[PDB]
Amino acid sequence: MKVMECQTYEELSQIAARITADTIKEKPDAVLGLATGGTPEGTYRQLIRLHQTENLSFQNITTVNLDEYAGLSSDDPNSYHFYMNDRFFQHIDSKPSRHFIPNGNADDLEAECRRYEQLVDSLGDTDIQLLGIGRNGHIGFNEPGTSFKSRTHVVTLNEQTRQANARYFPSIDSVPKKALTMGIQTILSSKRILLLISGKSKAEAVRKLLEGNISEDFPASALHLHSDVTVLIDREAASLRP
Ligand SMILES: O=C(CO)[C@@H](O)[C@H](O)[C@H](O)COP(=O)(O)O
C-alpha cells in the first residue's frame, strides 16, 4: 500500500483527479469505479476542471459506482444516481449509457445485485476503483463483519453509517436503512485502488488501517491484500496515525 499525506483537502483532490485522469488517458476505454459522499467532491470538481484546462476527454470511458441506497429512485435528490449526474456526468463528454449504478428501486434487489456483479465482470472489471472509508472502516457499504469474498449484495446499514450520512437528508427518519453495494471481492478485483481519506472524523479509521491488522471487523483492511493501492490522507485525517 502506498500512503501519501496531503497538506490539504484541495491537494488530495488535485492528486486524485490527476491519477484518475492518468487512467483515462492511458486507456480511453477505461472502466472507472467511482464513489459518492463528501470525500470525492473535490476530485470530481478538479476532473471537470481538467476537462477545460487540458481538454481531457471522457468520450470512451465506462463507469461503475460502488453503491446506491435501497428504495430511492434515480431522480431522488438523495440517490447516488442523482449525486453522480449532478457532480460529474452532466459536466463531461461521456456516453451517458456507459455510466452504471445499482438500481436501488428495482423490484427484486437480490436479482439486481446479481445482474450488477455480472455486468462488472463483463466490462473486464475496473481499471481503477475510487474508494472512501467509513468512520468504522467500511468500504462501499461493506460494514464490519463482511466477508472478504463478498460480491455485490443488499446490506443493512450500520447505525454509525446512518448517523454519519444524516447530514445529507431532510431528517433522520428519511435516512435509508438498506443499500446495494459492490462487495469486497468486487472491489479487490480492480486493477488499481485509490482510497481517499479526509478530515478528523476519519482519524481513528486511518490509525486502524495503518496499524495493519487484517480482519473482517475493519473492512478496509482487506486492501492490505491488494497489489496496487494508493491511499491519500489529509493532515486532519492523519492526526492519530500510529
Ligand atoms: O461507498 C461509499 C462511497 O460510494 C462509502 O464507503 C463512503 O466512501 C464512506 O461512507 C465515506 O463517506 P464520506 O465521508 O466521503 O461522505
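Rules used in this analysis
Residues numbered from 1 in each chain as written, not as in the entry; some residues may be left out. Heavy atoms only, no water. Axes fitted to C-alpha atoms, helices over the stretch in contact; angles between N-to-C directions. Helix = DSSP H or I, 4+ residues; strand = E, 2+ residues; numbered from the N terminus. Parallel < 35°, antiparallel > 145°, perpendicular 65-115°, else oblique. Left-handed = near helix turned anticlockwise from the far one by under 90°. Contact = heavy atoms within 4.5 Å. Nonpolar A, V, L, I, M, F, W, Y, C, P; charged D, E, K, R; others polar. Core = buried A, V, L, I, M, F, W, Y, C linked by side-chain atoms within 4.5 Å. Buried < 20%, exposed > 50% of the residue type's maximum accessible area, 1.4 Å probe, protein only. Near = heavy atom within 4 Å. Polar contact = N/O pair within 3.5 Å; in protein donor to acceptor, adjacent residues only side chain to side chain. Areas by Shrake-Rupley, 256 points an atom, 1.4 Å probe, with all protein chains shown as cover. UniProt positions renumbered as here; feature names shortened; annotations may be inferred. Arc of directions from axis to C-beta.

- Going by the header, the method for this PDB entry is X-ray crystallography, and the resolution given is 1.40 Å.

## Digging into the packing of helix 1 (residues 9–26) against helix 2 (residues 41–53)
Working step 1: With their axes 8 Å apart at the nearest point, helix 1 and helix 2 run at an angle of 55° to one another. The angle between the axes of helix 1 and helix 2 places the two elements in the oblique class. The interaxial crossing formed by helix 1 with helix 2 has right-handed handedness. Only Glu-41, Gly-42, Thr-43, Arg-45, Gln-46, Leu-47 and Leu-50 of helix 2 make contact with helix 1, whose side of the interface consists of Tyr-9, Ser-13, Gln-14, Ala-16, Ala-17, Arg-18, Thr-20 and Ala-21.
Working step 2: Considering only residue class, the contact of helix 1 with helix 2 consists of 6 nonpolar, 6 polar and 3 charged.

## Overview of the nonpolar core
Working step 1: Grouped together as the largest cluster of nonpolar side chains are 38 residues, with contacts concentrated most on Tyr-44, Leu-47, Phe-58, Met-84, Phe-88, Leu-194 and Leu-232.
Working step 2: Of all the secondary structure elements, the ones that give two or more residues to this core are helix 1, strand 2 (31–34), helix 2, helix 3 (80–87), strand 6 (128–131) and strand 9 (193–197).
Working step 3: No other element matches helix 1, which puts 7 residues into this core.
Working step 4: If we skip the residues at most four places from it in the chain, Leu-47 touches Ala-17, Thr-20, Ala-21, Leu-56, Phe-58 and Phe-88.
Working step 5: Membership of the second largest hydrophobic core comes to 31 residues, among which are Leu-66, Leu-195, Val-206 and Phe-218.

## Digging into the site of the ligand
Working step 1: The environment of the ligand is made up of 13 residues, and the closest members are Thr-39, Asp-67, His-138, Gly-140 and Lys-202.
Working step 2: At 3.5 Å from an oxygen atom of the ligand is found a main-chain nitrogen or oxygen belonging to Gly-132.
Working step 3: Protein burial of the ligand: of its 410 Å² of free accessible surface, 94% is covered by the chains.
Working step 4: Classifying every residue of the shell around the ligand gives 3 nonpolar, 7 polar and 3 charged.

## Considering the side chain of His-138
Working step 1: Within the secondary structure, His-138 is located in the loop between strand 6 and strand 7 (153–156).
Working step 2: Judged by relative accessible area, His-138 falls into the buried class, the value being 11%.
Working step 3: Of the polar contacts made by the side chain of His-138, one reaches the side chain of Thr-161; its length is 3.3 Å.
Working step 4: Among all residues touching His-138, those that are not within four sequence positions of it are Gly-132, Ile-133, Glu-143, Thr-161 and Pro-219.

## With respect to the side chain of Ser-94
Working step 1: You can see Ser-94 is positioned in the loop between helix 3 and strand 5 (99–100).
Working step 2: Under the relative-accessibility criterion, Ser-94 is labelled buried at 12%.
Working step 3: The residues touching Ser-94, leaving out its near neighbours within four places in the chain, are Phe-58, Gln-59, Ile-61 and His-99.

## Notes on the UniProt feature "active site" in the protein chain
Working step 1: The sites that carry the UniProt feature "active site" are, in the present numbering, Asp-67, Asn-136, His-138 and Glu-143.
Working step 2: Apart from residues lying up to four places away in sequence, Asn-136 is in contact with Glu-143, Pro-144, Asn-158, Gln-160, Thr-161, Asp-217, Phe-218 and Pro-219.
Working step 3: Taking relative accessible area as the criterion, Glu-143 reaches 5% and is therefore assigned buried.
Working step 4: When neighbours within four sequence positions are excluded, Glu-143 is seen to be in contact with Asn-136, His-138, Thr-156, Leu-157, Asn-158, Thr-161 and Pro-219.
Working step 5: In terms of polar contacts, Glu-143 uses its side chain to reach the side chain of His-138, at 2.9 Å.

## Some thoughts on the UniProt feature "binding site: beta-D-fructose 6-phosphate" in the protein chain
Working step 1: The UniProt entry lists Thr-36, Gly-38, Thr-39, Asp-67, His-138, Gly-140, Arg-167 and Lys-202 under the feature "binding site: beta-D-fructose 6-phosphate", expressed in the numbering used here.
Working step 2: Among the secondary structure elements, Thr-36 is positioned in the loop between strand 2 and helix 2.
Working step 3: Here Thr-36 is in contact with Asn-65, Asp-67, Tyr-80, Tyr-83 and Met-84, once residues within four sequence places are set aside.
Working step 4: Counting through the fold element by element, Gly-38 comes out in the loop between strand 2 and helix 2.
Working step 5: Not counting residues up to four positions away in its chain, the partners in contact with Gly-38 are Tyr-9, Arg-167 and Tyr-168.

## Observations concerning helix 7 (residues 203–211)
Working step 1: Inspection of helix 7 places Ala-203, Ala-205, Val-206 and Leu-209 among the buried residues, and these make up the whole buried set. Viewed along the axis of helix 7, the buried residues span an arc of 155°, placing them on a single side of the element.
Working step 2: Looking one or two places after helix 7, you find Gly-212, whose phi comes out positive at around 85°.

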